[PDB]
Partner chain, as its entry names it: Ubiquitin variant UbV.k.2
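Shown next as C-alpha cells: one chain only, the form solved without the partner chain.
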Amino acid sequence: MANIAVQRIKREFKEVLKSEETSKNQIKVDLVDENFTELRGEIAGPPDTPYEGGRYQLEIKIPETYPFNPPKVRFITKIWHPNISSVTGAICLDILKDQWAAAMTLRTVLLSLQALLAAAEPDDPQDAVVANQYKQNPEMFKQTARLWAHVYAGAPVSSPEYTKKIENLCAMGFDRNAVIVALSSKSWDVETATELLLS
C-alpha cells in the first residue's frame, strides 16, 4: 500500500514475533499478502476467565487511512462476550474506536483485546442478548461463555447441564450451531429454545 504504513506493519509484525507474549503463546500475528492490507491474529483467552484455554482467530484489516484511523478487527472464532457480536464477531472496544491513538502497535491492540476478555463493559454493548444475560444473570453468563470457549475455541470441556441439553436437541435432528445459539439466547430453557428452532 502506502510506503510509510507498510514499514510500520513490518516493524510491528516483527515486534510481535519477538515479543514475550508470543514466546508464551498469548498472542501471535501473521501476514497474508505482499500488500499488508491484511493480517491474521490469535489470542489466548486470559487466565481465571470463562475463555481460559480458548484460542481466538482474529481478522485484522488495515484501511487506507491507517495509522490515523484504527485497524479493523473482527473475531473469526465465535465468542460469547457482551462487547463482541456473537454472530459476526464485530467488536466494540474503546481503543479501536474513540480512544484510538496512532502510536498503538498491533501488539498493544492484541493485548487490549485479551484485556477486554477479562473485563466486560455491559453498559456499552455489542450484543444486546449477551449483555442482558451478563447483567441479569452473571453465573449463567459465565457458564454460557465457557461452553462457547470449549466448542468454538478449543477450551477444556464445560458444564454437563448445557451439553446434555444440546445433544438432546441435536438428537432431535436440529443443527448443533443453531441449537447452541437457541439455548444460549433463550437462556437455557428447553421449551422456548425449541419453539425458536422451529420458528
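Positions refer to the first chain, counted from 1. We call the rigid core whatever largest set of C-alpha positions still superposes within 1.5 Å between the two forms.
This next part talks about the form deposited with the partner chain bound, which is not shown.
Proximity to the partner chain in the deposited bound form, defined as a heavy atom within 4.5 Å, singles out one entry of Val130, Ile60, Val29, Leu147, which is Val29. In the deposited bound form, none of the heavy atoms of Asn137 sits within 4.5 Å of a heavy atom of the partner chain. The partner chain is not drawn, but in the deposited bound form it has a heavy atom within 4.5 Å of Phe36. In the deposited bound form, the partner chain stays beyond 4.5 Å of every heavy atom belonging to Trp188. Of the residues in 14-28, those that come within 4.5 Å of the partner chain in the deposited bound form through at least one heavy atom are, in sequence order, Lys14, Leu17, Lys18, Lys28. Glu139: CA moves less than 2 Å between this form and the one not shown after rigid-core fitting. Put the two forms on the same core and the Cα of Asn35 is off by 2 Å or more between this form and the one not shown.
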